[PDB]
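Inside the fold
Spelled out from the first residue to the last, the chains are:
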Amino acid sequence: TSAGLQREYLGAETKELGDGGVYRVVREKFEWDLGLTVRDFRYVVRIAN
Amino acid sequence: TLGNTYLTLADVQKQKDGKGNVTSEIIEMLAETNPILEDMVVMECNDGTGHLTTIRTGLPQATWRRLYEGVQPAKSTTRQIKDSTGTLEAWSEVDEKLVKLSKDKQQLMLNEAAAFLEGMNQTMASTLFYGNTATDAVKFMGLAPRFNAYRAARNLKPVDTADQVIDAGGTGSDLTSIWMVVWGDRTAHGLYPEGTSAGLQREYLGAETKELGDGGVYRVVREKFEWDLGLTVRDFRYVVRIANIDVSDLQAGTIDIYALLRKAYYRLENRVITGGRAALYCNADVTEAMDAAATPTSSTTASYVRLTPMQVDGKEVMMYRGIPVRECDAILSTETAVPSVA
Amino acid sequence: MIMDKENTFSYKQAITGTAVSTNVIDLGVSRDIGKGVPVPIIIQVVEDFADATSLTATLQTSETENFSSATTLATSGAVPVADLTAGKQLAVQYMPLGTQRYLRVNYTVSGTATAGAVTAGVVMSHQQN
């Protein structure tokens, strides 16, 4: 997976309908996955309530 | 029926000196200072319709993408607001006989013109700070009709203006309101339609020939005092209005003005980031209270501002955290209540 | 947890009252999973529970599509009412041995609760902490 918030300008598409309809569309896709993985909670402290 | 207008002879008599000449020392007891008209930034509409601003009233929702689970394609929703420019006009008119009867013609006109200038400035400041277009339809959208109702349980920053305002608890009729406004191209500024000019456009027509429906005519000397203005807040988050400040308790030492100033600064989420010049428009009571809190004495019940013996008197507060405290007279101490909204 | 549809026993399924997993996995042929490379699964409670005494999430398998030949690959046991809390992994960390054509998840609750939910399935990498 690429790093950070991704972006893919897919460009023109076809978008075939379910009744034979067909017309061009353009699709832009935004993707991002990450996990914070606090490896040593010694380096983190919280004050709550 | 009425003897209004036309600068009747009685005032001319009282504008006459002991020597009989027209006085040039007219004491101006009803004079106001309004720096708002001066520091406010203006420009032209430069468009057919009113000033148009575009807002994001909703962001598309993201999904977590269960693998082999379809994602719905979302949208971006936008909302807008319009604006307009008001137009004020004052018209002087006298009778050539009346001015000729007075020993001088320059002095009478000079006094009347000064009165016209001050009156127009006061009217413009009043409508800028309290001008409601819902009940006038010829005025322009002021600042008090916006923020007209505040929110008690403050949310982060919803689209209603009610979240900007801080309620100080004022209930009765002594209620005043501080104002912080950021002036800039994108945030908030004045307007005037293209083809006019900024500021007061004074005109001097000269002698005229005023007729009447009856048929008689006579000479008149007339002047024109016109001013066109429009106020626009593109981003409402750029203006914070403290409201419901009871002046009696404010002077008594109960409404600590610095806490409310902090709250208004923080509800001013923007500007702190950027946007343009900003201001702290307020009346005299507010600056007096700021001086009171800044230079403590046998006042309140506790304070944390020790004073060297050479400065136990005080100073005049000019700027607030770099924001200039442009004290203005347009703000009254008789503002209506601001109802609380959930 | 990188879950995935088409390999999920049940997505946000409610538990109240005895019932089975909404989705039943179908592996084409009766070949095996637990053997070889470990396959993590999490039959884990998502939303809290109510007066129900216990819960018995079992990983039943059967050769037929409809489960008439029950076979317990792994059982949660009679987990008490107190421990029906969010994030409770009710069964084994990895897929047990002996997967048949189809697998189901059977929820047997002592009594009926007014609350309770489970999201069960196979994940790419079971997330600890």
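Method information in the entry identifies cryo-EM as the source of the structure, with 3.5 Å recorded as the resolution.

Turning our attention to the overall build of chain B. Of the regular secondary structure elements, chain B holds eight helices and 18 strands. A compact globule built from 342 residues would reach a C-alpha radius of gyration of about 20 Å, whereas chain B, at 26 Å, exceeds it by more than 25%. In terms of overall dimensions, chain B has C-alpha extents of about 95 × 60 × 35 Å along its principal axes. Counted over contacts in chain B with a minimum sequence separation of 6, partners at least 24 positions apart contribute 77%. Carbon and sulfur atoms provide 53% of the accessible area of chain B, an area that totals close to 19700 Å². Looking at charge distribution, chain B has the averaged site of its 36 positive side-chain charges lying 7 Å from that of its 45 negative ones.

Next up on the list: the nonpolar core. If you look at the biggest cluster of nonpolar residues, it comprises 35 residues, and the most contacted ones within it are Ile36(B), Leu128(B), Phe129(B), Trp179(B) and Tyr281(B). Among the elements of the structure, α2 (36–39), α4 (106–129), β8 (180–183) and β11 (220–233) of chain B are those that each provide at least two residues to this core. At seven residues, α4(B) tops the list of elements feeding residues into this core. Apart from residues no more than four positions distant in its own chain, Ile36(B) is found in contact with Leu128(B), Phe129(B), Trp183(B), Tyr281(B) and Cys328(B). Core analysis: the second largest hydrophobic core is formed by 28 residues, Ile15(C), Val45(C), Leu73(C) and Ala115(C) among them.

On the surface, a cluster of nonpolar side chains totalling about 500 Å² of accessible area is made up of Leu5(A), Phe30(A), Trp32(A) and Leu34(A). Assignment of secondary structure puts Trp32(A) in the segment after β2 (26–31).

What counts and how
Residues numbered from 1 in each chain as written, not as in the entry; some residues may be left out. Chains lettered and ligands numbered in written order. Part of a larger assembly, values for the part shown. Heavy atoms only, no water. Helix = DSSP H or I, 4+ residues; strand = E, 2+ residues; numbered from the N terminus. Rg over C-alpha atoms; globule rule 2.2 N^0.38 Å. Contact = heavy atoms within 4.5 Å. Areas by Shrake-Rupley, 256 points an atom, 1.4 Å probe, with all protein chains shown as cover. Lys, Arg positive; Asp, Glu negative; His and termini not counted. Charge placed at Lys NZ, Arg CZ, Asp CG, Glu CD. Core = buried A, V, L, I, M, F, W, Y, C linked by side-chain atoms within 4.5 Å. Buried < 20%, exposed > 50% of the residue type's maximum accessible area, 1.4 Å probe, protein only. Patch = residues over 30% accessible without salt bridge, like charges linked within 9 Å, V, L, I, M, F, W, Y side chains within 5 Å. Salt bridge = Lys/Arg side-chain N within 4 Å of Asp/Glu carboxyl O.

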